[PDB]
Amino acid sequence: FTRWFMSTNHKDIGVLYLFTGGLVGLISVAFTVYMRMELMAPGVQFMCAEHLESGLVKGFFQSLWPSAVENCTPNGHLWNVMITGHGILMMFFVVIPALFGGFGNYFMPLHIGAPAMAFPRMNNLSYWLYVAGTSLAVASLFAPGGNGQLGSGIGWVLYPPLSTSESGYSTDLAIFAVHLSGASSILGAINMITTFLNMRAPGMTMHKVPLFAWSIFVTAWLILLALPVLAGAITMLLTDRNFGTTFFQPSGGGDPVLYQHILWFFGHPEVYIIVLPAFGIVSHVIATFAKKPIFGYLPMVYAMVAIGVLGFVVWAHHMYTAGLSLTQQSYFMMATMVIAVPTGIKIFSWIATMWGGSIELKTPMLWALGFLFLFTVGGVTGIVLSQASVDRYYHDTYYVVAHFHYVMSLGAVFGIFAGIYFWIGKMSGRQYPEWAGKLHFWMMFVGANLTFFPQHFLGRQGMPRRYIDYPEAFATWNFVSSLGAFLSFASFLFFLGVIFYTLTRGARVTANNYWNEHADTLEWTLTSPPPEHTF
């Protein structure tokens, strides 16, 4: 019933964010399948202008079957709309709502022994703003937009003057979507911070708080600084488009590059906002399945703080080819490099946690170990990109795309799956089948590596981002990347099957703690699921 959606309890809200993040995730993943269908071979076969002559429903279905090149007039606008849709959904409406809104809301209050959160009503509102934001983002796809078609083909970061000159109101709807997401995030952040500070259990001091609750706390601070800045950048776009301002228009004395400084001031923090809760989940999972307490608890906390702080002073590594002076370029390069040090401490500590342990290779542990390896692959290509002299070649190529999918889709997402398998028994009272979790892991592991690893080669060969079509010489690794994406998709549909099976007929969970004693945080002292009124 709709007693779910009006609930103010942090557990119910957490669950709502998780399911919704998952459903939007499915939509955004489906976009990538269509994207990879078109990138599978050179020449445009799917995104034909001819399909615009049909209706909405009929045009959709025709666009799923390939045409001969001679019958397919390339529609670049649709490509641009799809990738913009994919990025915006992921960055604002999928992973953060799942990690922060979902696990954060469900588990942080449990980890610190809080019976309730500071502002339950504000928490419920934060969810509704998330849903309204998602609705507007999706609506933008069907609204009058660029080039006399539907939707905004402007990239998920909305660079002007392109974003400010795009016709129709699709772009305005997208901007409102992002405002609503920011509002949801800010409310959540205020809620998290106040709860963490004022509602810890008696005895629960700062140095006894579990690493996950810390990850959420640090993340909440990043949000309060980063999201208001974004709200400014995009309101300036809105007024350039609608209210006669010229902040980013050179004829009125504006500077498009100003937008970039403001956008990336949010845009870098955004990724650390994404990844920090995944770091927290990895810490809980590895300690549990290594049967060993987390190595270097205090350095783990401080490394996260240092990453959070450093993530505010590196933004212009996204702007090395945008006209930055040599001095600015050198600084941002050196500052970015520093981030490797505290991240390395966390990676080595996770390995040290395993060292001398008694390792159980259950599904959550597989995701965690995959995370260590794959996040490292992504992190070191980030370090390559920090080098302005090499970024000169890689910028706006698929080498960047490979970087960020390794850290996000093989990093933060592996953290999401680790949490789901780790905690689904606790949240639902039903356990997932172990063989299916392992199968999911291996399919995703093979599929996502096949999708993204070959993108390094495409980037080294000079393949640009945001292209509907590409020179014939890029065909081989595009083909492999697409097959990888199809296998990953299959693994995700299998996962959805595993979740459905688990929730409808999974083995009944009878134990408060169905793992082992080294799952030593407060949620494991409660029933599965926890009672309505906790602690």
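Sequential numbering from 1, following the sequence displayed.
The stretch with the higher mean CA B factor, choosing between 49-57 and 485-493, is 49-57.
Higher mean CA temperature factor, per the PDB entry, when comparing 113-121 with 435-443: 113-121. Across 88, 337, 82, 401, the greatest Cα temperature factor reported in the deposited entry is at 337. The PDB entry assigns the greatest CA B-factor among 341, 384, 420, 281 to 341. When the CA B factors of the chain's modelled residues are split into thirds, the value for residue 66 lands in the highest one. Among all modelled residues in this chain, the alpha-carbon of residue 228 has a temperature factor (C-alpha) in the middle third. Residue 179: CA B factor lies in the middle third for its chain, per the PDB record. Residue 147: CA B factor lies in the highest third for its chain, per the PDB record. Per-chain ranking of the deposited C-alpha B factor places residue 502 in the middle third.
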